[PDB]
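S.K.: Handing you this structure, nothing more for now.
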Amino acid sequence: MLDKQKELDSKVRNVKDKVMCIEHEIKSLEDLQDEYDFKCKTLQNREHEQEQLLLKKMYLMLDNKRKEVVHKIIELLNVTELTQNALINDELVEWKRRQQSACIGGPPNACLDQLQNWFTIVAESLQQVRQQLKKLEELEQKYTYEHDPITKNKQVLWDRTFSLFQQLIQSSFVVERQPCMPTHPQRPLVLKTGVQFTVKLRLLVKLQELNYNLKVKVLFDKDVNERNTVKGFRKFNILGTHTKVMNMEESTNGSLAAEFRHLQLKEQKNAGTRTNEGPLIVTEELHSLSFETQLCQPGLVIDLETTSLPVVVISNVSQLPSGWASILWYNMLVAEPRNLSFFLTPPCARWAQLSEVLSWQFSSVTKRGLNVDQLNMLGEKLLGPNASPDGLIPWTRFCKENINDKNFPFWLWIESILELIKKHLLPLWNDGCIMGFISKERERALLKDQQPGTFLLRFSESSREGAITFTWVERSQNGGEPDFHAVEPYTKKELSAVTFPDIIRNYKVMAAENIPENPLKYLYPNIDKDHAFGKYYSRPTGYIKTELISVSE
Amino acid sequence: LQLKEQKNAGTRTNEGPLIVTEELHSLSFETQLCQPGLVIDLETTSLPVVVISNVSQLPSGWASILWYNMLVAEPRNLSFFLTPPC
DNA sequence: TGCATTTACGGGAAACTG
DNA sequence: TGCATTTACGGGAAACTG
DNA sequence: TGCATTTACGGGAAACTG
DNA sequence: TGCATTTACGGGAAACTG
């Protein structure tokens, strides 16, 4: 809350008051050297037409007041140093980290407004200290003597006031909108060759002489030494328009920003790399959007620069699954140090951490996360029966290695099940009709509930296509549990044709010459079919009305 | 062959950076076979090496040199230790 | 304002190259 | 010879312009 | 060949700097 | 203010040179 905010805020007011105060001291010293100027110029030449002492004890004030002002700036400059080091190395940086998790999902970033203010104030303040150190240069260019406080301190002050300004604006040059392909907006670091993508750059020092003065250029792969070093590094060019100027218009509420839309990638086919298909790394190699500008002004020549997160470049959205996986791991295990190498030797991760992303994945697409009992099934497919919340999962196990006894990676499994929900199961899954994830052990042992006629929902473990199914229970006459029952898993193909709910309504099972049954009555604990999934049902010389229907035996 | 440090402030020896002394460095070599019509440039490089001041350190260090030489093919991953494996 | 036409992209499959 | 990646095109929907 | 003298390094502790 | 690293020096052993 206002734990550090209130601290930092008090320190910026502090700076702002200590600039005002210096300015009253400049005005009273601007007066007292004119008064002496008047009284000395009528007294030096005076015989052309009770003791007292005005010329000996008052002149002292043109020393004393110059020492008080000069010492009083240094005190301000020291204070601005501390305020600035907190602002830069704590307040921005921790907004950053926040950002890198609003990529991969989770809690949303707050605005930049609060940070802009602190920036801007600390920058107007240092602009005012610049002018006052030039009114001091002007008083020295009128009257100078033996020990002049503003001749020993003139250059050390000027040099510090700039050294501070530079550091201040250079850190103000940030990326507001991490690059993204508009059509895939929860997936914002994965580029495709020959779609358009968009970025936006934000400057924090909202000054108004910085309007139509900064033209921000976009580069690709600038100063990436993996190109030379790694074997098989692709190269690419950007294609939209690169050069924009940064304007206070467009983006409302000031915000000296630039949003470049219509950015594209194309590959530079020049053999060259020769596309070695025995190098280090596949496509999980990382790349990097770079930006760059320069604040030109009378006496002021600052070079700005900044850089996107690591980005991944693909050809086909057959890839983008895999890719995203990259972008999770990275954004999950890493501070910022553009480790473009990461994946040569990629770390492990803590099942207590991974878990919270896995949640995030579904919570981002939909309106409902992975609850506890569902993570337990997953960690256990990753770890093994001892699913400590400290166990380490290796990046292979996650993404490029077949699980226990199946022919597909563990992400590439979840990747499909998410998809299925996003296009065929939103309602049932925002309204928690699906158990989804469960082991075909603690299913049976939770169906020794009720009426020979309860059924879960499950996602199937044995597809790669992601395919939902249902499980239900009978009475076998032996005085116990049934062999239970579950059905061949219902994938997209089927669900394309008739909706999953509607499968449910009208499930059959049949015989030669026997009336057909309906073994689905009660969903989990006790809920009548025709209640849970009531509300999704579709609808309730002259053609006759047909349906589709799912049927066993 | 000897090492000496180039004290020029410069780095300013930040004692809040990434990595301690397990940073890796690298001996590089280089020559050229000149001959009538033949002008070849040769080059090669040591393993990653670790540089210390005092053999109060060399324990720690060795530890570096185990991990690296144990988990790695050759690709001079000079970064390793920013994000070192298991 | 509405309709015709063009565009941009997703997705599947074949073509490429190491 | 097989697998990894890219390219090509069809369809569908959105965008554009008269 | 043997002895004197100097050298190089290991190790501990204090000094440095962020 | 504390911790990380470097530097400084003493001792011991080896090397060097007459």
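Going through the structure tokens in order, the chains are called A, B, and so on, while each chain numbers its residues from 1 and the ligands are numbered from 1 in the order shown.
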Contacts of residue 116 (chain A) at 12 Å or less, counting only C-alpha atoms (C1' of nucleotides), minus same-chain residues fewer than 4 places along, as a PyMOL selection string?
M.R.: chain A and resi 87-88+91-92+111-112+120-124+168-169+171-174+202-207+253-257
S.K.: What residues in chain A lie within 9 Å of chain D, counting only C-alpha atoms (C1' of nucleotides), written as a PyMOL selection string?
M.R.: chain A and resi 277+282+315-316
S.K.: So that I can see what lies close to region 13-18 of chain A, please list as a PyMOL selection string the residues with an atom at most 8 Å from it, counting only C-alpha atoms (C1' of nucleotides) and leaving out residues fewer than 3 positions away in the same chain.
M.R.: chain A and resi 9-10+21-22+76+79-80+121-122+125
S.K.: DSSP on the backbone, then: every residue of region 323-399 of chain A marked strand (DSSP E or B), written as a PyMOL selection string.
M.R.: chain A and resi 348-350+392-394
S.K.: Would you return as a list in words the members of region 3-70 of chain B that DSSP assigns to helix (DSSP H, G or I) on this structure's backbone?
M.R.: residues 58, 59, 60, 61, 62, 63, 64, 65, 66, 67, 68, 69 and 70 of chain B
S.K.: What is the CA of residue 128 (chain A)-CA of residue 95 (chain A) distance in Å, reported with one decimal?
M.R.: 28.2 Å
S.K.: Enumerate, in order of chain and increasing residue number, the residues of chain B with an atom no farther than 9 Å from chain F, each with its shortest atom pair and distance in Å to one decimal, counting only C-alpha atoms (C1' of nucleotides), as CSV.
M.R.:
residue,atom,partner,partner_atom,distance
B:15,CA,F:4,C1',7.4
B:20,CA,F:4,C1',8.6
B:53,CA,F:6,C1',6.8
B:54,CA,F:6,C1',8.1
S.K.: Once you count only C-alpha atoms, what closest atom pair and distance in Å to one decimal does each residue of chain B within 7 Å of chain A have, with rows by chain and rising residue number, as a Markdown table?
M.R.:
| residue | atom | partner | partner_atom | distance |
| --- | --- | --- | --- | --- |
| B:83 | CA | A:347 | CA | 6.3 |
| B:84 | CA | A:347 | CA | 6.2 |
| B:85 | CA | A:347 | CA | 4.5 |
| B:86 | CA | A:347 | CA | 6.7 |
S.K.: Mind dumping the selected residues with C-alpha atoms as a PDB file, in the first residue's frame?
M.R.:
ATOM      1  CA  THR B  83      21.340 -19.860 -14.617  1.00  0.00           C
ATOM      2  CA  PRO B  84      23.273 -23.007 -13.842  1.00  0.00           C
ATOM      3  CA  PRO B  85      21.537 -26.365 -14.241  1.00  0.00           C
ATOM      4  CA  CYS B  86      21.013 -29.302 -11.967  1.00  0.00           C
TER       5      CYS B  86
END
S.K.: Could you tell me how far CA of residue 191 (chain A) sits from CA of residue 327 (chain A), in Å to one decimal place?
M.R.: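 We find that CA of residue 327 (chain A) and CA of residue 191 (chain A) lie 11.3 Å from each other.
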